[PDB]
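Secondary and tertiary structure notes
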Amino acid sequence: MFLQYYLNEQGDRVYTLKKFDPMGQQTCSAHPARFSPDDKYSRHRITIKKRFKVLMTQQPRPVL
Amino acid sequence: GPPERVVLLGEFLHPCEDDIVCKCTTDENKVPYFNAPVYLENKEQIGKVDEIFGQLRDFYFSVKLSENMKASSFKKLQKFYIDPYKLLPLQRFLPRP
Amino acid sequence: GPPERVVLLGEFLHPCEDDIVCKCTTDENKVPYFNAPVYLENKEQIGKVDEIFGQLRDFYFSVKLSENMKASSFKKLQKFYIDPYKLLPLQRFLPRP
Amino acid sequence: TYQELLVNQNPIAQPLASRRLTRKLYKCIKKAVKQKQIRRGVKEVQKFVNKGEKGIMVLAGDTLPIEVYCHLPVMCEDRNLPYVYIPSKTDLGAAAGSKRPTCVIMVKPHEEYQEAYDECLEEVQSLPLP
Amino acid sequence: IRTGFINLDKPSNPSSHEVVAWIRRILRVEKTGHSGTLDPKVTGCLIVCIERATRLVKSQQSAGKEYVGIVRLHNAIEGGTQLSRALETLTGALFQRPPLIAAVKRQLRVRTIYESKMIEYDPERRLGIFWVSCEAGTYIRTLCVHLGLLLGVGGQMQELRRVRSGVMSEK
Amino acid sequence: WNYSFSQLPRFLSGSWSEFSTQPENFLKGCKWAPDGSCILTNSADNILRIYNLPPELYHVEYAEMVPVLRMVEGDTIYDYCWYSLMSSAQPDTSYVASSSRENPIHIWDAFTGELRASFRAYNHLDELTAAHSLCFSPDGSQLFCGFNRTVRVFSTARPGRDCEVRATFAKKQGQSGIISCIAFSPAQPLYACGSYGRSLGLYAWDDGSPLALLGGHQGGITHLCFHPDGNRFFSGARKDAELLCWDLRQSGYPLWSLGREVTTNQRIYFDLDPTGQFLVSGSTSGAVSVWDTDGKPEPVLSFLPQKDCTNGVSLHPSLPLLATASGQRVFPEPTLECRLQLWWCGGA
């Protein structure tokens with residue numbers, strides 16, 4: 001849809017309409033991916049998120 | 001709920017079979033709505049206008065009293081008050097020009 | 001029909017998509033009823049109150065105009081009037097003590 | 001110009017095609033679109049990988065969020081289908097004769113561009129895997 | 001899990017009651033609550049309380065929200081500063097008519113907008129990003145209509161996302 | 001003066017320079033005012049432009065045409081039209097309706113170019129929906145406008161959200177899809193709706209009750225024209241080679257089919273004479289074709305305004321003037337300018 005964003009230097013979302021940020025990188029869509037409850041590709045997403053070290057379990061653990 | 005203000009409707013005459021007959025004394029001879037709430041000057045509802053009768057410029061009205069009220073309570077020439085929006089002008093009942 | 005009297009509701013600001021936006025200037029900061037008829041001081045109905053918006057003590061209202069009216073007709077700071085019974089007190093919308 | 005698009009790549013966009021291989025893949029897509037032998041959406045590509053239709057699956061390496069298409073790499077590895085990433089989604093759409101972008105295309109084989117298809121297929125399978 | 005909650009990023013198709021239904025199928029639990037409705041096409045922060053955490057839902061539902069939305073204006077304005085001033089006007093305790101439901105006309109009510117900000121404006125498409133911090137139960141669709149009336153050009157809420165639900169945010 | 005396509009139309013001034021401001025701009029049709037005073041043009045920049053009739057016609061070289069008005073919209077313009085009963089003698093009649101993406105139906109004053117009124121169509125959720133088509137009634141009292149599965153009828157006198165809603169699809173029965181064009185019969189008390197769902201529908205004016213439902217076309221219908229007889233009418237579609245001729249008598253099946261190259265998802269216009277004898281149509285190739293309607297319509301002429309798509313064609317109601325709008329969407333590749341033009345079609 002219309003809302004895009006890019007991250008500033010302290011990790012906050014900076015919302016914008018424009019497809020490119022002030023440093024020339026592409027802006028992400030603000031909205032998450034569309035979900036289906038009948039999705040059967042859980043194995044597949046874990047498989048390659050593990051491979052490229054971007055699964056949520058492999059990130060730095062949050063400070064609570 | 002309780003209205004912002006109330007205007008003089010009329011004064012108490014004799015009771016009649018557990019409701020109260022009252023002489024109407026409105027400014028400009030205005031006529032109340034049927035089932036219009038009747039208040040005392042403290043803005044407490046005593047009843048509702050049941051009957052309207054008599055001559056056009058000298059008319060009476062009976063008041064069907066509230067659940068908690070009794071017809072013996074009221075004194076002679078005690079005034080009653082009405083929400084000014086459920087009055088109507090006398091011209092409405094007078095004939096068309 | 002036409003009401004017995006009308007009280008100052010508000011003044012004309014800019015039009016907006018064939019209805020008219022108006023700054024509310026009532027005595028005691030009273031708030032109009034939704035779909036309350038809006039009159040000019042001649043007691044002629046121009047429209048009805050559609051939207052009410054803005055801060056509590058400085059609010060606006062749009063007027064959905066009548067069949068025969070046009071939004072171009074009205075001048076800046078032209079006053080509009082309402083039947084005083086379809087106003088409400090501000091205290092109603094303020095929080096309970 | 002190519003190196004500027006390399007900033008926008010995903011975490012999961014490997015193996016990325018070489019600059020010349022990217023050019024070969026676009027030219028193969030143009031010929032396949034003319035012959036009416038491609039599939040464009042995730043919706044489509046997912047449907048025909050399930051049916052078991054063979055083809056080179058070209059992915060856009062700047063797709064975000066990755067959840068929209070990150071199941072497809074493993075769907076290919078289950079069926080031994082050859083897949084490859086390319087720098088941008090806009091160019092992948094532009095290769096298919098479209099102004100709007102797309103994140104994935106599957107090129108089917110055909111007689112009219114069989115030699116170009118086999119040239120692309122050979123280099124895709126030869127890529128180093130992460 | 002029975003004493004827990006999820007800080008969910010709600011997707012853009014389903015209703016908020018459908019989303020928490022899907023969560024209670026997946027996790028295989030009997031009860032869930034959801035920190036205030038997001039409308040079917042709205043995304044963002046939705047605190048989903050599970051089981052014994054549903055005892056906290058009133059505190060979560062009553063908490064202050066934040067939104068990032070897009071207003072689409074129906075005619076051109078002078079510039080981004082004019083939209084920025086209309087947002088400053090609609091700060092503080094505002095009148096808002098609650099929408100009709102089952103032909104039950106709810107009365108005009110008051111809701112506070114704590115802060116407003118005009119983030120970006122596009123004169124070509126007549127689109128404006130706004131950020132709003134507000135009380136629970138504020139109608140942002142209604143805010144965009146009023147913002148359009150106040151400018152004189154007219155307007156509608158194109159898009160919406162909730163970036164904060166009380167204690168939890170998208171950060 | 002009278003129309004004659006025994007000879008190729010002579011060139012008369014057009015405008016190219018202002019359309020070349022934006023990259024990959026293109027015209028989206030052209031329409032004469034019903035009195036013949038001026039011509040209205042849509043473009044991919046979302047700017048309606050009005051050009052006056054050339055003074056040098058009545059006064060040889062002609063200068064490049066300049067528009068007397070530019071009236072900017074903020075989004076894709078789906079449809080636009082002159083008021084049905086326009087005359088340049090009356091400021092109250094000279095105005096232009098215009099619908100745009102996620103916007104109200106705007107009414108623009110044709111002299112000053114100010115926003116004069118707004119008609120607003122809301123769905124059941126109270127969200128604004130934009131009209132994909134526009135048509136004034138032959139009296140000029142009502143403004144018909146097409147949406148997904150429904151026509152709305154605003155009263156021209158009362159601008160606003162107030163409208164009579166007319167559903168064309170009820171419990172999976174009737175005319176489905178976005179209603180892309182409306183047109184009224186000059187003689188009969190009816191109107192015809194074309195849809196992007198393949199079908200045509202006829203409807204009675206007063207009630208909106210279906211008179212007929214017609215197939216024929218192999219793509220989404222984009223335009224309609226009634227013949228001045230009242231019986232006969234014509235239709236055209238996107239990505240569809242045939243321009244279908246119909247008749248209100250002997251209904252249910254199209255009488256004839258006229259060939260034209262349409263290879264894009266475009267509203268390629270076509271128009272009749274005021275007298276009703278000739279029929280002119282554009283093409284994605286560029287070639288403007290002409291048929292004599294007075295049996296099957298006979299091909300009279302084919303000529304090329306430019307080496308590009310001729311999307312718009314408009315015939316002047318009094319004079320023998322053909323207007324032509326050009327341009328189309330260019331498709332990219334991994335790493336001629338569009339124009340309005342006038343043409344004299346009078347006899348020797």
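Right, let's talk about the overall build of chain E for a bit. Across its full length, chain E carries four helices and nine strands. Secondary structure elements of chain E, listed N to C terminal, follow the sequence β-α-β-β-α-β-α-β-β-β-α-β-β. A compact globule built from 171 residues would reach a C-alpha radius of gyration of about 16 Å, and chain E, at 17 Å, matches this within 12%. Out of the 171 residues belonging to chain E, those deemed buried represent 56%. Considering only contacts within chain E whose residues lie at least 6 apart along the sequence, 65% involve residues at least 24 apart. As presented, chain E carries roughly 7900 Å² of accessible surface, and 50% of it is formed by carbon and sulfur atoms.

The subject of this paragraph is the overall build of chain D. Along chain D, the regular secondary structure elements total six helices and four strands. Order of helices (α) and strands (β) in chain D, N terminus to C terminus: α-α-β-α-β-α-β-α-β-α. Compactness check: chain D gives a C-alpha radius of gyration of 13 Å against a globular reference of 14 Å for 130 residues, within 12% of the reference. Seen along its three principal axes, the alpha-carbon backbone of chain D occupies a region of about 35 × 30 × 30 Å. Looking at the 130 residues of chain D, the share that counts as buried comes to 51%. Look at the contacts in chain D between residues 6 or more apart in sequence, and 81% of them connect residues 24 or more apart. For chain D, the exposed area adds up to about 6500 Å²; of that, 47% sits on carbon and sulfur atoms.

This paragraph deals with helix 6 (residues 114-126) of chain D. Residues and elements named next belong to chain D. When the terminal C-alpha atoms of helix 6 are compared, their 18 Å separation across 13 residues agrees well with the 18 Å that a helix rising 1.5 Å per residue should span. Three or more residues of helix 6 are buried, namely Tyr117, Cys120 and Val124. The arc enclosing the buried residues of helix 6, seen along the axis, measures out at 70°, which places them on a common side. Those residues of helix 6 that are exposed and angled more than 90 degrees off the buried face are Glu115, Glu122, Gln125 and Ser126. Turning to helix 6, the residues buried within the fold contact helix 2 (19-35), strand 2 (56-60), strand 3 (83-86) and strand 4 (104-107).

So, on to the relation of the copies chain C and chain B. By a simple turn and slide, chain C fits onto chain B: the slide is 0.0 Å along the axis, the RMSD is 0.0 Å, and the turn is 180°. The transformation relating the two chain copies, once decomposed into turn and shift, fits a two-fold axis. The C-alpha atom lying nearest the rotation axis in chain C is that of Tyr85 of chain C; the distance is 3.2 Å. When the interface residues of chain C are mapped onto chain B, 100% of them again fall at the interface, so both copies present the same face.

Between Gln14 of chain D and the following residue, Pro15 of chain D, the backbone shows a cis peptide bond with an omega angle of 5°. Residues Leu64 of chain D and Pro65 of chain D are joined by a peptide bond in cis, for which omega reads 0°. Mapped onto the secondary structure, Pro65 of chain D falls in the loop between strand 2 and helix 4 (72-79). In the Ramachandran plot, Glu28 of chain C falls in the positive-phi region, its phi being about 65° despite a non-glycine side chain. In this fold, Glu28 of chain C is placed in the loop between strand 2 (20-24) and strand 3 (31-32). Unlike most non-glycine residues, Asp126 of chain F shows phi in positive territory, near 65°. Note on placement: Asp126 of chain F falls in the loop between strand 9 (115-119) and strand 10 (135-136).

Let's shift gears to the sheet that holds strand 3 (residues 38-43) of chain F. All names here are of chain F. Read from one edge of the open sheet, four strands run 2-3-4-5, paired in antiparallel fashion. The sheet is open, and its two edges are formed by strand 2 (27-32) and strand 5 (69-72), each paired on a single side. Along the sheet, successive strands turn relative to each other by an average axial angle of 20°, direction set aside. Strand direction decides the pairing type here: strand 3 and strand 4 (residues 47-52), joined by four bridges, are antiparallel. Note that in strand 4 the partner of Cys38 across the bridge is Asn52.

Here we come to the packing of helix 2 of chain D against helix 6 of chain D. All names here are of chain D. Where helix 2 meets helix 6, the closest approach of the two axes is 10 Å, and the angle between their N-to-C directions is 140°. As for the relative orientation of helix 2 and helix 6, their crossing is left-handed in sense. Residues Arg20, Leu21, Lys24, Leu25, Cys28 and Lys31 of helix 2 pack against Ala116, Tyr117, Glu119, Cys120 and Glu123 of helix 6. Looking at the contact of helix 2 with helix 6, its residues break down into six nonpolar, no polar and five charged.

Bringing the state of the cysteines into the picture now. Under the criterion given, the structure shown has zero disulfides over all chains. No disulfide involves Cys16 of chain C; its sulfur sits 11 Å from that of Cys22 of chain C, the nearest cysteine. Owing to a relative accessible area of 2%, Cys16 of chain C belongs among the buried residues under this scheme. Left unpaired, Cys345 of chain F is separated from the closest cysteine sulfur, that of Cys30 of chain F, by 12 Å.

Let us look at helix 4 (residues 140-151) of chain E. Residues and elements named next belong to chain E. The end-to-end C-alpha separation of helix 4 is 16 Å, in line with the 16 Å expected for 12 residues at 1.5 Å each. Counted residue by residue, helix 4 has 10 buried out of 12 residues, so it is predominantly covered. What helix 4 keeps buried is the set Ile140, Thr142, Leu143, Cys144, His146, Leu147, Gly148, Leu149, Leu150 and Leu151. Phi turns positive one or two residues past the end of helix 4, at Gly152, with a value near 100°.

We now examine the UniProt feature "active site" in chain E. When the UniProt feature table is mapped onto this chain, "active site" is found at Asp39 of chain E. Assignment of secondary structure puts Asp39 of chain E in the loop between strand 2 (32-33) and strand 3 (43-50).

Quick notes on the rules
Residues numbered from 1 in each chain as written, not as in the entry; some residues may be left out. Chains lettered and ligands numbered in written order. Part of a larger assembly, values for the part shown. Heavy atoms only, no water. Helix = DSSP H or I, 4+ residues; strand = E, 2+ residues; numbered from the N terminus. Rg over C-alpha atoms; globule rule 2.2 N^0.38 Å. Buried < 20%, exposed > 50% of the residue type's maximum accessible area, 1.4 Å probe, protein only. Contact = heavy atoms within 4.5 Å. Areas by Shrake-Rupley, 256 points an atom, 1.4 Å probe, with all protein chains shown as cover. Expected span 1.5 Å × (residues − 1). Arc of directions from axis to C-beta. Least-squares fit on C-alpha atoms. Pairing = 2+ DSSP bridges. Axes fitted to C-alpha atoms, helices over the stretch in contact; angles between N-to-C directions. Left-handed = near helix turned anticlockwise from the far one by under 90°. Nonpolar A, V, L, I, M, F, W, Y, C, P; charged D, E, K, R; others polar. Disulfide = S-S within 2.5 Å. UniProt positions renumbered as here; feature names shortened; annotations may be inferred.

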